[PDB]
Amino acid sequence: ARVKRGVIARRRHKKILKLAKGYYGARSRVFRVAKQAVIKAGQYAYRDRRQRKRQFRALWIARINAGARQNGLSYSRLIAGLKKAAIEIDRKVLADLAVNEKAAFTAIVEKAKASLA
Amino acid sequence: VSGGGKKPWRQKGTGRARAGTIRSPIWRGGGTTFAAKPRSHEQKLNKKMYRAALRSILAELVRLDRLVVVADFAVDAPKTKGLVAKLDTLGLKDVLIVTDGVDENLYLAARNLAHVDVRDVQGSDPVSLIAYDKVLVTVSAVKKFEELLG
RNA sequence: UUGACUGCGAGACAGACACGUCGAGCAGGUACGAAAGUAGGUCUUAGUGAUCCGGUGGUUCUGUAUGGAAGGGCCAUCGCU
RNA sequence: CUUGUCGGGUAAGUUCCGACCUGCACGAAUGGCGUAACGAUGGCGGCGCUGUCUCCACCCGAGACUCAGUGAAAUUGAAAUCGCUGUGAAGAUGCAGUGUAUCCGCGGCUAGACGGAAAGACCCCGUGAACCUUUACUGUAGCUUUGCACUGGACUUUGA
RNA sequence: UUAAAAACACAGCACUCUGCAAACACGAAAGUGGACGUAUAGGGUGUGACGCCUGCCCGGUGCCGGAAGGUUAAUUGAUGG
RNA sequence: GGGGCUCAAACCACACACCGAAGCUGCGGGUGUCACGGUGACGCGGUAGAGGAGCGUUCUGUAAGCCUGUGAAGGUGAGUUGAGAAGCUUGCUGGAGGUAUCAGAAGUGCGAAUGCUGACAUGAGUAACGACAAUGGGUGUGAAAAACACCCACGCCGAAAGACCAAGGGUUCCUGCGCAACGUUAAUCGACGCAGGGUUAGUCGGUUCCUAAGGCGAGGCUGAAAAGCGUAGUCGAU
RNA sequence: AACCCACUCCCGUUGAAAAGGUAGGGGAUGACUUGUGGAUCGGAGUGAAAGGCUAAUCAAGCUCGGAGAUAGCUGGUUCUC
RNA sequence: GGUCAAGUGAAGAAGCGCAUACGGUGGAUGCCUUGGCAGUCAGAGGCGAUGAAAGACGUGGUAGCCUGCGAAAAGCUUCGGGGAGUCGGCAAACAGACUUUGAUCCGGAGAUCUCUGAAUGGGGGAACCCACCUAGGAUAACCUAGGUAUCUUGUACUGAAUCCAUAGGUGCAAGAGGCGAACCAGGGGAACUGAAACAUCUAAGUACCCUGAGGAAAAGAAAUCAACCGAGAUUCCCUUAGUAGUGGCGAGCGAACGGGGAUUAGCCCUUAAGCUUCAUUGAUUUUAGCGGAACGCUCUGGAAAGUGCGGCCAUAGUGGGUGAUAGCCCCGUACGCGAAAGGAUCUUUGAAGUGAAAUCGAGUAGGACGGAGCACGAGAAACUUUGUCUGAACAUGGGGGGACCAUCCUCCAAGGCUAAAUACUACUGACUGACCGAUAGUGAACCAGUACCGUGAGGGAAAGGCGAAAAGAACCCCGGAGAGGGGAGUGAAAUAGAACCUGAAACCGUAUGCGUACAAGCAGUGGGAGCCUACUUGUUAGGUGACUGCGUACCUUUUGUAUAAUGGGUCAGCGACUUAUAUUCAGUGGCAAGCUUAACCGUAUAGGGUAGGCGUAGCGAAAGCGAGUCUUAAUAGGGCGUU
Ligand SMILES: *C(=O)[C@H](CCSC)NC=O
Ligand SMILES: [Mg+2]
Ligand SMILES: [Mg+2]
Ligand SMILES: [Mg+2]
Ligand SMILES: [Mg+2]
Ligand SMILES: [Mg+2]
Ligand SMILES: [Mg+2]
Ligand SMILES: [Mg+2]
Ligand SMILES: [Mg+2]
Ligand SMILES: [Mg+2]
Ligand SMILES: [Mg+2]
Ligand SMILES: [Mg+2]
Ligand SMILES: [Mg+2]
Ligand SMILES: [Mg+2]
Ligand SMILES: [Mg+2]
Ligand SMILES: [Mg+2]
Ligand SMILES: [Mg+2]
Ligand SMILES: [Mg+2]
Ligand SMILES: [Mg+2]
Ligand SMILES: [Mg+2]
Ligand SMILES: [Mg+2]
Ligand SMILES: [Mg+2]
Ligand SMILES: [Mg+2]
Ligand SMILES: [Mg+2]
Ligand SMILES: [Mg+2]
Ligand SMILES: [Mg+2]
Ligand SMILES: [Mg+2]
Ligand SMILES: [Mg+2]
Ligand SMILES: [Mg+2]
Ligand SMILES: [Mg+2]
Ligand SMILES: [Mg+2]
Ligand SMILES: [Mg+2]
Ligand SMILES: [Mg+2]
Ligand SMILES: [Mg+2]
Ligand SMILES: [Mg+2]
Ligand SMILES: [Mg+2]
Ligand SMILES: [Mg+2]
Ligand SMILES: [Mg+2]
Ligand SMILES: [Mg+2]
Ligand SMILES: [Mg+2]
Ligand SMILES: [Mg+2]
Ligand SMILES: [Mg+2]
Ligand SMILES: [Mg+2]
Ligand SMILES: [Mg+2]
Ligand SMILES: [Mg+2]
Ligand SMILES: [Mg+2]
Ligand SMILES: [Mg+2]
Ligand SMILES: [Mg+2]
Ligand SMILES: [Mg+2]
Ligand SMILES: [Mg+2]
Ligand SMILES: [Mg+2]
Ligand SMILES: [Mg+2]
Ligand SMILES: [Mg+2]
Ligand SMILES: [Mg+2]
Ligand SMILES: [Mg+2]
Ligand SMILES: [Mg+2]
Ligand SMILES: [Mg+2]
Ligand SMILES: [Mg+2]
Ligand SMILES: [Mg+2]
Ligand SMILES: [Mg+2]
Ligand SMILES: [Mg+2]
Ligand SMILES: [Mg+2]
Ligand SMILES: [Mg+2]
Ligand SMILES: [Mg+2]
Ligand SMILES: [Mg+2]
Ligand SMILES: [Mg+2]
Ligand SMILES: [Mg+2]
Ligand SMILES: [Mg+2]
Ligand SMILES: [Mg+2]
Ligand SMILES: [Mg+2]
Ligand SMILES: [Mg+2]
Ligand SMILES: [Mg+2]
Ligand SMILES: [Mg+2]
Ligand SMILES: [Mg+2]
Ligand SMILES: [Mg+2]
Ligand SMILES: [Mg+2]
Ligand SMILES: [Mg+2]
Ligand SMILES: [Mg+2]
Ligand SMILES: [Mg+2]
Ligand SMILES: [Mg+2]
Ligand SMILES: [Mg+2]
Ligand SMILES: [Mg+2]
Ligand SMILES: [Mg+2]
Ligand SMILES: [Mg+2]
Ligand SMILES: [Mg+2]
Ligand SMILES: [Mg+2]
Ligand SMILES: [Mg+2]
Ligand SMILES: [Mg+2]
Ligand SMILES: [Mg+2]
Ligand SMILES: [Mg+2]
Ligand SMILES: [Mg+2]
Ligand SMILES: [Mg+2]
Ligand SMILES: [Mg+2]
Ligand SMILES: [Mg+2]
Ligand SMILES: [Mg+2]
Ligand SMILES: [Mg+2]
Ligand SMILES: [Mg+2]
Ligand SMILES: [Mg+2]
Ligand SMILES: [Mg+2]
Ligand SMILES: [Mg+2]
Ligand SMILES: [Mg+2]
Ligand SMILES: [Mg+2]
Ligand SMILES: [Mg+2]
Ligand SMILES: [Mg+2]
Ligand SMILES: [Mg+2]
Ligand SMILES: [Mg+2]
Ligand SMILES: [Mg+2]
Ligand SMILES: [Mg+2]
Ligand SMILES: [Mg+2]
Ligand SMILES: [Mg+2]
Ligand SMILES: [Mg+2]
Ligand SMILES: [Mg+2]
Ligand SMILES: [Mg+2]
Ligand SMILES: [Mg+2]
Ligand SMILES: [Mg+2]
Ligand SMILES: [Mg+2]
Ligand SMILES: [Mg+2]
Ligand SMILES: [Mg+2]
Ligand SMILES: [Mg+2]
Ligand SMILES: [Mg+2]
Ligand SMILES: [Mg+2]
Ligand SMILES: [Mg+2]
Ligand SMILES: [Mg+2]
Ligand SMILES: [Mg+2]
Ligand SMILES: [Mg+2]
Ligand SMILES: [Mg+2]
Ligand SMILES: [Mg+2]
Ligand SMILES: [Mg+2]
Ligand SMILES: [Mg+2]
Ligand SMILES: [Mg+2]
Ligand SMILES: [Mg+2]
Ligand SMILES: [Mg+2]
Ligand SMILES: [Mg+2]
Ligand SMILES: [Mg+2]
Ligand SMILES: [Mg+2]
Ligand SMILES: [Mg+2]
Ligand SMILES: [Mg+2]
Ligand SMILES: [Mg+2]
Ligand SMILES: [Mg+2]
Ligand SMILES: [Mg+2]
Ligand SMILES: [Mg+2]
Ligand SMILES: [Mg+2]
Ligand SMILES: [Mg+2]
Ligand SMILES: [Mg+2]
Ligand SMILES: [Mg+2]
Ligand SMILES: [Mg+2]
Ligand SMILES: [Mg+2]
Ligand SMILES: [Mg+2]
Ligand SMILES: [Mg+2]
Ligand SMILES: [Mg+2]
Ligand SMILES: [Mg+2]
Ligand SMILES: [Mg+2]
Ligand SMILES: [Mg+2]
Ligand SMILES: [Mg+2]
Ligand SMILES: [Mg+2]
Ligand SMILES: [Mg+2]
Ligand SMILES: [Mg+2]
Ligand SMILES: [Mg+2]
Ligand SMILES: [Mg+2]
Ligand SMILES: [Mg+2]
Ligand SMILES: [Mg+2]
Ligand SMILES: [Mg+2]
Ligand SMILES: [Mg+2]
Ligand SMILES: [Mg+2]
Ligand SMILES: [Mg+2]
Ligand SMILES: [Mg+2]
Ligand SMILES: [Mg+2]
Ligand SMILES: [Mg+2]
Ligand SMILES: [Mg+2]
Ligand SMILES: [Mg+2]
Ligand SMILES: [Mg+2]
Ligand SMILES: [Mg+2]
Ligand SMILES: [Mg+2]
Ligand SMILES: [Mg+2]
Ligand SMILES: [Mg+2]
Ligand SMILES: [Mg+2]
Ligand SMILES: [Mg+2]
Ligand SMILES: [Mg+2]
Ligand SMILES: [Mg+2]
Ligand SMILES: [Mg+2]
Ligand SMILES: [Mg+2]
Ligand SMILES: [Mg+2]
Ligand SMILES: [Mg+2]
Ligand SMILES: [Mg+2]
Ligand SMILES: [Mg+2]
Ligand SMILES: [Mg+2]
Ligand SMILES: [Mg+2]
Ligand SMILES: [Mg+2]
Ligand SMILES: [Mg+2]
Ligand SMILES: [Mg+2]
Ligand SMILES: [Mg+2]
Ligand SMILES: [Mg+2]
Ligand SMILES: [Mg+2]
């Protein structure tokens with residue numbers, strides 16, 4: 001029972017060369033170089049699913065800070081006032097109200113200022 | 001493998017990988033690394049394990065309504081038409097016929113019949129009993145099975 | 001005066017193994033002391049060399065048909081900067 | 001030791017020539033000391049001659065350069081392939097900080113790519129390999145000693 | 001096929017072996033060369049035209065000679081157990 | 001680390017606030033062990049290495065079955081399903097074979113070994129085109145002339161770069177027809193392809209006659225065997 | 001001069017050439033050069049001696065066998081959870 | 001609508017990137033096979049001086065090569081078969097023919113059979129040169145047929161030193177010589193390696209070289225073993241048993257006794273079984289052939305064997321191929337028949353030869369020195385054999401029983417012949433395969449031991465597929481009376497067009513869409529505008545990715561590599577934990593104080609065969625004793641063992 005590897009080896013090569021679509025140069029057309037690029041891309045994707053939550057939290061904070069100072073208060077003083085009184089709205093929704101619903105954001109900030117903090 | 005009894009090039013200086021013969025398993029026309037030789041794939045099965053297997057199979061044939069027991073079964077003259085008619089009255093198509101002694105006239109028939117095989121009590125292997133859909137045994141052959149298998 | 005004894009030996013210390021170290025007590029015979037008793041070398045820790053092979057003294061073993069012998073086994077012991 | 005010391009040659013001589021004797025460590029057929037002739041032999045010094053040089057200049061042919069035709073090679077993980085100062089498998093195009101910089105050829109030069117070539121020859125290791133040596137060990141061809149055989153007779157001296 | 005030389009050879013010198021079926025060399029051997037030669041010849045060794053010369057040591061290791069004594073192989077087999 | 005910083009954006013004390021990990025909490029999933037009968041509780045980084053469970057390829061049985069010219073294997077896209085190796089359904093090409101399920105045997109899975117064999121890249125349309133005796137016109141043929149043939153005129157060898165024997169080669173010699181490949185360019189030309197033709201001896205060279213070195217060697221001598229030497233003899237030119 | 005050789009420089013080093021070329025150079029009646037045929041060879045031959053030469057291979061040729069020698073040493077070792 | 005100033009900034013690509021669609025190169029993958037590999041059952045086990053194995057040259061209507069033949073040359077003559085086409089293949093075409101008055105074709109026998117090769121008349125560089133004698137025939141410068149090597153054996157003649165005869169010299173007859181893959185019996189005989197070095201030892205009496213014989217060879221009928229009971233020639237298989245021994249007592253080497261089987265057989269020197277060679281009596285095989293049953297209709301389709309419906313044959317139903325898948329289309333298969341003539345085997349009986357050594361075994365048994373073999377390496381070392389040297393007795397005698405002696409037992413050496421069971425396969429035939437399917441399988445599927453490399457010995461390749469059928473593209477146009485194309489025609493299909501099935505990847509192009517000329521780095525990943533396309537008309541799908549946060553490949557080897565340490569130019573194909581025998585542990589099964597067979601027999605996976613192995617009892621070095629035993633003076637202690 002002699003086994004020939006022609007059919008199965010090709011099927012395995014084409015799976016890698018399909019994930020390497022759009023890569024520059026030999027990284028998309030030769031198996032040896034494309035194999036390393038497909039593995040490295042997977043390492044970056046796993047790592048960058050954690051940075052995505054870091055990158056967006058930094059962006060929301062940078063926007064609540066800019067919008068709170070329009071109303072006369074820093075970011076760190078706004079969080080203390082919100083926590084002291086009652087408000088438990090996320091930084092994702094606070095950043096959205098800062099941009100779109102500027103009238104509601106002012107009402108929230110005046111609630112944090114009124115808490116003496 | 002023929003030839004290849006000398007080095008192709010010297011050990012050092014050429015710039016090529018190290019080789020000692022052209023008939024190497026790595027080379028194109030080289031030999032097989034673990035080449036086969038003729039060998040026997042026969043196992044050992046105890047006498048009482050072989051008999052305990054027949055006792056196990058023969059019981060299921062009764063439980064699955066596949067063992068048909070008739071009082072004797074003989075056919076005169078070797079004719080495949082004749083045996084086909086005799087097998088039709090019982091409504092049997094795929095049948096193994098087991099008897100104490102295979103008749104000369106009964107062996108000549110069923111030799112060309114498609115899905116019919118004629119055997120002997122000491123000839124019926126474990127594979128044959130399971131392969132066929134129905135098993136036809138004479139009352140005499142039933143007695144023989146009771147003194148070779150206890 | 002010969003306990004620098006013979007057969008052992010509960011139980012331990014050390015330790016990869018092979019080796020190593022201490023030892024109450026029992027039985028045979030002993031030596032000192034009037035006797036309880038002490039004595040299985042020296043205040044203790046160094047002073048040493050596996051196996052094979054060959055030699056010597058014993059022996060309720062074996063001994064190539066049988067009776068013996070040769071040879072072998074068991075105990076004691078000798079020969080390696 | 002040492003470029004020993006003295007003399008000659010040169011403006012100046014670790015080399016050369018002649019001497020001294022303190023011969024680390026000359027020496028008489030593994031010959032000692034001289035020697036005419038000879039040497040594509042080693043060292044030193046002169047005359048002539050000169051682009052060897054100060055210091056290079058011009059000119060003549062063959063390449064190099066452009067056009068038409070044919071058409072290799074070593075090398076190569078992949079490249080969107082800068083400088084500096086640090087860090088770092090301790091000498092960075094690729095890391096950190098920073099500074100410069102539009103995209104692409106052609107003719108030239110070789111400072112880096114620890115550039116290409118050859119599984120370092122130097123050094124060490126392997127209870128590795130060859131060949132060589134001897135008063136290493138163990139043998140051996142050859143040479144030689146004696147007993148027996150082929151191989152006998154007689155006489156004589158001496159021994160039991 | 002990176003060394004042409006002071007390296008090798010050389011004429012000349014010396015020591016030593018060889019009496020002929022020569023020493024010596026190639027051959028399990030027959031045989032062959034030496035040599036169809038015969039010590040003014042043949043082999044080995046060292047030095048190296050020519051001139052003047054070549055000094056002391058025989059303790060070591062070689063070679064040559066000697067035969068008295070001491071040791072000493074196969075072989076033989078008295079005696080003893 | 002840079003910009004830049006002096007009642008500091010430096011240092012010393014005290015106070016409150018915030019940022020900040022894959023840590024902890026929240027929500028949704030998957031697994032290992034233990035206990036009770038699906039629930040709870042504690043876990044789930046990993047090299048050498050131990051243990052457990054699986055995917056896929058070729059062949060055999062199930063299978064004289066099932067699928068298939070109303071289109072098999074193979075190739076190439078798309079969509080979709082799992083935790084993974086992987087599975088499934090279809091468009092185009094293809095043109096005759098494939099193997100459900102469960103078992104059984106392996107030449108059973110490749111990116112490396114300066115690995116082996118083919119094909120194809122980079123260097124790159126880059127180096128080089130093989131003595132620096134040297135070429136310039138006219139004509140002709142031709143699809144096409146720097147190179148072919150002829151004519152005029154230049155250069156080079158001439159103790160050869162001329163002529164002839166031996167060895168060696170073996171049709172390369174001549175003619176007619178050709179230019180794919182060979183010719184380091186083109187070719188109408190050729191030592192290239194095809195097809196015909198061409199080598200005439202008493203005196204030339206061999207053979208026949210004779211021998212040298214040397215070879216073989218009837219008998220013979222010697223040697224485990226193969227064989228060695230050698231007499232008569234008979235081969236061997238230069 | 002021919003012929004044999006190979007002392008110097010430069011070029012060439014992917015060469016016109018796996019050892020050449022152009023300029024000069026040594027011997028050139030002799031221990032000379034050369035053609036043809038023959039003899040000696042692998043622990044063996046031959047060597048005016050360089051461990052040199054024995055078919056571009058020599059501190060022991062090439063070829064086929066023992067043989068897949070041995071390698072405590074480098075290198076490589078292929079699907080998933 | 002103006003002039004000026006400030007700000008802002010679309011398009012415009014020499015070239016390039018990504019995606020997609022089409023090509024090119026290239027030859028993988030799939031499917032296939034006229035070629036290999038490995039078995040089982042038979043055959044016959046040699047050919048050659050009557051010229052072998054291996055060749056050179058010639059032979060055809062035309063050039064070459066292969067295959068056959070040999071100046072009588074793809075053939076000549078006779079027999080036997082059949083039953084109509086044929087003049088071999090690459091390899092087709094054009095002519096000449098052959099024939100039912102029996103061709104080509106197949107088998108038996110016969111004739112011819114160039115030159116070289118043991119090569120054999122003498123030489124020689126193989127395929128060449130030069131001869132002699134006899135018989136016959138020509139008359140010129142020859143032709144036809146025979147012979148002429150060497151050695152061994154027998155025979156006839158003759159005759160050296162030397163008188164006789166010995167050596168020798170001639171002529172006759174018969175035999176040998178060379179080749180071949182393995183097997184068999186002898187002669188000579190390594191090393192690497194192992195012992196983790198290496199000498200004894202091992203590897204191993206292996207590899208290799210040489211000599212003879214046969215289809216088999218060899219060995220064979222007790223001067224053998226056993227143990228006081230017995231067996232009964234040799235050979236091969238399973239155990240005994242990796243035991244007793246042997247061994248720098250190291251690495252290692254390794255029996256026998258006794259059991260179970262395959263085969264059956266002995267006979268002579270007061271002359272036999274047997275073996276050859278003829279001559280007969282019969283039978284069987286072999287070298288070629290003959291017959292050999294049963295299917296129609298319909299649908300798709302280029303084509304039916306395939307769909308649907310209904311039958312028939314069977315001692316023939318998983319054979320090959322025919323335009324796709326056939327028991328009934330063809331060739332076959334099961335099953336019956338067949339030999340003018342050759343070969344072989346087994347057979348009865350006549351003969352000749354041999355067996356064959358004459359009369360029971362003397363330089364023999366035994367002994368001393370040096371070796372070899374025995375499992376046994378000098379060891380207490382018995383036994384066989386012999387290079388050197390010696391050396392008996394005669395059945396009241398001799399050999400052996402593992403140093404040696406005594407007693408018992410058992411055989412008769414120094415003379416011969418003998419089948420079967422056993423080993424092998426270069427060679428031929430039949431069947432089969434959980435073997436390969438063109439980088440695999442033979443080095444070789446094809447004009448392969450070829451091309452090519454080497455002075456030689458020697459080494460040694462690459463290279464398969466149109467279609468069912470050549471129907472292989474008439475004719476026109478461009479082009480050099482080209483190459484190559486565009487049409488037209490054949491075909492189911494020419495992107496099946498002869499480099500022809502399918503036709504991937506690397507690599508090279510054309511076309512469209514988006515991005516790209518102020519920008520610094522493993523080329524990605526997270527966020528993300530704009531543009532283009534499709535359509536479900538924007539919480540959508542596909543292509544592109546301006547700008548921006550993080551971000552120094554893979555393998556190996558290491559204490560540690562982005563490392564400027566290794567390896568890789570890329571793609572495709574191949575490429576590394578296997579197999580046999582002995583065992584130990586675990587899982588899972590069959591029997592159970594028992595379990596299980598090996599060789600072998602056999603209907604041959606059954607069944608038989610329980611020789612043997614393990615277990616039910618241990619202790620001791622052993623005799624031995626045994627729920628105990630050993631140590632010891634010891635029923636003390638202690639070691640090991642027992643429910
Ligand atoms: C020593 O420095 C060595 C010289 C060796 S000569 C055999 N280095 C060489 O490069
Ligand atoms: Mg991209
Ligand atoms: Mg691509
Ligand atoms: Mg790859
Ligand atoms: Mg071969
Ligand atoms: Mg070889
Ligand atoms: Mg080999
Ligand atoms: Mg070899
Ligand atoms: Mg290299
Ligand atoms: Mg090898
Ligand atoms: Mg291979
Ligand atoms: Mg390969
Ligand atoms: Mg092969
Ligand atoms: Mg059985
Ligand atoms: Mg049947
Ligand atoms: Mg303790
Ligand atoms: Mg006491
Ligand atoms: Mg007292
Ligand atoms: Mg005895
Ligand atoms: Mg006895
Ligand atoms: Mg004794
Ligand atoms: Mg000095
Ligand atoms: Mg001075
Ligand atoms: Mg002066
Ligand atoms: Mg000077
Ligand atoms: Mg002197
Ligand atoms: Mg000297
Ligand atoms: Mg001196
Ligand atoms: Mg002198
Ligand atoms: Mg002297
Ligand atoms: Mg001198
Ligand atoms: Mg002098
Ligand atoms: Mg000179
Ligand atoms: Mg001088
Ligand atoms: Mg000067
Ligand atoms: Mg010039
Ligand atoms: Mg150009
Ligand atoms: Mg730049
Ligand atoms: Mg640093
Ligand atoms: Mg740095
Ligand atoms: Mg980087
Ligand atoms: Mg950086
Ligand atoms: Mg930086
Ligand atoms: Mg440039
Ligand atoms: Mg330069
Ligand atoms: Mg440079
Ligand atoms: Mg460098
Ligand atoms: Mg190497
Ligand atoms: Mg190295
Ligand atoms: Mg050295
Ligand atoms: Mg050592
Ligand atoms: Mg070591
Ligand atoms: Mg002697
Ligand atoms: Mg000279
Ligand atoms: Mg010299
Ligand atoms: Mg002399
Ligand atoms: Mg000298
Ligand atoms: Mg002296
Ligand atoms: Mg003296
Ligand atoms: Mg003397
Ligand atoms: Mg302050
Ligand atoms: Mg977090
Ligand atoms: Mg967590
Ligand atoms: Mg949870
Ligand atoms: Mg884990
Ligand atoms: Mg964790
Ligand atoms: Mg199957
Ligand atoms: Mg289709
Ligand atoms: Mg398949
Ligand atoms: Mg498909
Ligand atoms: Mg698909
Ligand atoms: Mg078809
Ligand atoms: Mg088919
Ligand atoms: Mg299956
Ligand atoms: Mg594999
Ligand atoms: Mg690959
Ligand atoms: Mg890997
Ligand atoms: Mg590779
Ligand atoms: Mg390489
Ligand atoms: Mg190019
Ligand atoms: Mg360039
Ligand atoms: Mg250039
Ligand atoms: Mg150029
Ligand atoms: Mg030129
Ligand atoms: Mg040139
Ligand atoms: Mg030229
Ligand atoms: Mg002209
Ligand atoms: Mg012209
Ligand atoms: Mg010209
Ligand atoms: Mg002139
Ligand atoms: Mg000629
Ligand atoms: Mg020609
Ligand atoms: Mg011509
Ligand atoms: Mg012409
Ligand atoms: Mg042209
Ligand atoms: Mg041309
Ligand atoms: Mg021509
Ligand atoms: Mg002559
Ligand atoms: Mg002569
Ligand atoms: Mg001779
Ligand atoms: Mg002779
Ligand atoms: Mg002559
Ligand atoms: Mg002659
Ligand atoms: Mg002549
Ligand atoms: Mg000449
Ligand atoms: Mg010379
Ligand atoms: Mg020189
Ligand atoms: Mg010059
Ligand atoms: Mg000259
Ligand atoms: Mg010159
Ligand atoms: Mg001179
Ligand atoms: Mg001169
Ligand atoms: Mg001469
Ligand atoms: Mg020779
Ligand atoms: Mg030499
Ligand atoms: Mg040479
Ligand atoms: Mg040698
Ligand atoms: Mg050697
Ligand atoms: Mg060679
Ligand atoms: Mg050679
Ligand atoms: Mg090897
Ligand atoms: Mg070996
Ligand atoms: Mg690795
Ligand atoms: Mg394509
Ligand atoms: Mg057979
Ligand atoms: Mg032929
Ligand atoms: Mg004739
Ligand atoms: Mg006829
Ligand atoms: Mg002849
Ligand atoms: Mg002859
Ligand atoms: Mg002749
Ligand atoms: Mg013969
Ligand atoms: Mg021998
Ligand atoms: Mg050895
Ligand atoms: Mg071993
Ligand atoms: Mg060893
Ligand atoms: Mg070793
Ligand atoms: Mg060693
Ligand atoms: Mg050995
Ligand atoms: Mg015969
Ligand atoms: Mg016989
Ligand atoms: Mg007898
Ligand atoms: Mg016997
Ligand atoms: Mg008896
Ligand atoms: Mg020892
Ligand atoms: Mg029929
Ligand atoms: Mg059919
Ligand atoms: Mg029909
Ligand atoms: Mg005879
Ligand atoms: Mg006699
Ligand atoms: Mg007798
Ligand atoms: Mg004897
Ligand atoms: Mg003796
Ligand atoms: Mg002996
Ligand atoms: Mg012995
Ligand atoms: Mg011993
Ligand atoms: Mg004797
Ligand atoms: Mg005897
Ligand atoms: Mg005896
Ligand atoms: Mg016999
Ligand atoms: Mg092949
Ligand atoms: Mg294929
Ligand atoms: Mg091949
Ligand atoms: Mg197509
Ligand atoms: Mg087609
Ligand atoms: Mg093609
Ligand atoms: Mg095609
Ligand atoms: Mg087809
Ligand atoms: Mg492609
Ligand atoms: Mg485009
Ligand atoms: Mg700027
Ligand atoms: Mg831009
Ligand atoms: Mg850049
Ligand atoms: Mg930057
Ligand atoms: Mg950069
Ligand atoms: Mg995104
Ligand atoms: Mg979109
Ligand atoms: Mg992005
Ligand atoms: Mg980015
Ligand atoms: Mg970054
Ligand atoms: Mg690596
Ligand atoms: Mg390292
Ligand atoms: Mg390190
Ligand atoms: Mg790092
Ligand atoms: Mg790297
Ligand atoms: Mg780098
Ligand atoms: Mg390095
Ligand atoms: Mg690296
Ligand atoms: Mg390395
Ligand atoms: Mg390294
Ligand atoms: Mg590399
Ligand atoms: Mg059990
Ligand atoms: Mg006890």
# chains A, B, ... in the order shown; residues from 1 in each chain; ligands from 1
>>> residues_near_ligand(ligand="ligand 149", cutoff="10 Å", atoms="only C-alpha atoms (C1' of nucleotides) and all ligand atoms", output="list in words")
residues 354, 355, 356, 357 and 416 of chain H
>>> select_by_dssp(residues="range 30-128 of chain B", states="helix (DSSP H, G or I)", output="MDAnalysis selection string")
chainID B and resid 47:63 80:89 104:108 126:128
>>> residues_near_ligand(ligand="ligand 36", cutoff="12 Å", atoms="only C-alpha atoms (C1' of nucleotides) and all ligand atoms", output="list in words")
residues 59, 60, 61, 62 and 63 of chain D; 132 of chain F
>>> residues_near_ligand(ligand="ligand 167", cutoff="8 Å", atoms="only C-alpha atoms (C1' of nucleotides) and all ligand atoms", output="MDAnalysis selection string")
chainID H and resid 496 500:503
>>> residues_near_ligand(ligand="ligand 81", cutoff="9 Å", atoms="only C-alpha atoms (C1' of nucleotides) and all ligand atoms", output="list in words")
residues 123, 124 and 126 of chain F
>>> closest_atom_pairs(of="chain H", to="chain B", cutoff="9 Å", atoms="only C-alpha atoms (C1' of nucleotides)", output="CSV")
residue,atom,partner,partner_atom,distance
H:38,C1',B:38,CA,7.1
H:39,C1',B:38,CA,8.4
H:314,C1',B:80,CA,5.9
H:315,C1',B:108,CA,5.4
H:316,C1',B:112,CA,7.9
H:317,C1',B:112,CA,6.0
H:439,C1',B:28,CA,5.8
H:443,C1',B:2,CA,6.5
H:459,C1',B:3,CA,8.3
H:460,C1',B:3,CA,8.8
H:574,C1',B:28,CA,6.8
H:575,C1',B:26,CA,5.0
H:576,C1',B:33,CA,8.0
H:578,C1',B:34,CA,5.2
H:579,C1',B:36,CA,7.7
H:580,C1',B:39,CA,8.8
H:589,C1',B:49,CA,8.8
H:590,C1',B:49,CA,5.0
H:591,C1',B:48,CA,7.4
H:596,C1',B:46,CA,8.2
H:603,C1',B:123,CA,8.0
H:605,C1',B:125,CA,8.2
H:606,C1',B:122,CA,5.0
H:607,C1',B:122,CA,8.1
>>> residues_around(residues="range 29-41 of chain D", least_positions_apart="5", cutoff="7 Å", atoms="only C-alpha atoms (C1' of nucleotides)", output="list in words")
residues 5 and 47 of chain E; 7, 25 and 26 of chain G
